[PDB]
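Enquirer: sequence plus experimental coordinates follow:
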Amino acid sequence: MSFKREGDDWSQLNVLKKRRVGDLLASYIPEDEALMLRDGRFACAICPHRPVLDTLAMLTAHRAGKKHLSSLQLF
RNA sequence: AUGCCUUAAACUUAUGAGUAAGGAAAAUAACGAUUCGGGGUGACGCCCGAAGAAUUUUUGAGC
Ligand SMILES: [Zn+2]
């Protein structure tokens, strides 16, 4: 398996996929807007009640939503 | 972070069937009908019912 690679570890590949999705989506979120918690979750720092969201995919989908946009323009 | 060849590949980016139970967002429905009685609740929530002409000035007691 050294000379030509054999097989693939689909669980670790899925871990890598989660990292690459995270890096991609994170580069479009400015550093003030998102606060990363101790366990790897994310809070929205715009919205006054700080909702906490499990992934960066959910944080991006939240930042699309109308509650966030209304809370955004006040800040 | 170097140019070219058939975007170099006429290669693939897979992840079964169910049981029971939670968390978070998106989306979406409403705002003031006042008091009284009853249901409910630790308490509110909530729910069910009922209802500008009259003594100090400008619409005259004046003739
Ligand atoms: Zn937000």
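Expert: Alright, I've got the coordinates. Numbers count the residues shown, from 1 in each chain, chains lettered A, B, ... in the order given.

Enquirer: so residue A:42 is in contact with residue A:57, correct?
Expert: No. Checked against Cβ atoms under 8 Å, the pair residue A:42 and residue A:57 is beyond contact range at 10.1 Å. C-beta: built from backbone N, CA, C; applies to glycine.

Enquirer: which SS class is residue A:17?
Expert: In terms of secondary structure, residue A:17 is helix; the call rests on DSSP: H, G, I helix; E, B strand; the rest coil.

Enquirer: and it, how far is that from residue A:10?
Expert: From residue A:17 over to residue A:10 the distance is 10 Å, taken as Cβ to Cβ, to the nearest Å.

Enquirer: ok, now residue A:61?
Expert: Spatial separation of residue A:61 from residue A:10 under the definition Cβ to Cβ is 26 Å.

Enquirer: neighbour count: the two, which is higher?
Expert: residue A:61 (13 against 8; other Cβ atoms under 10 Å).
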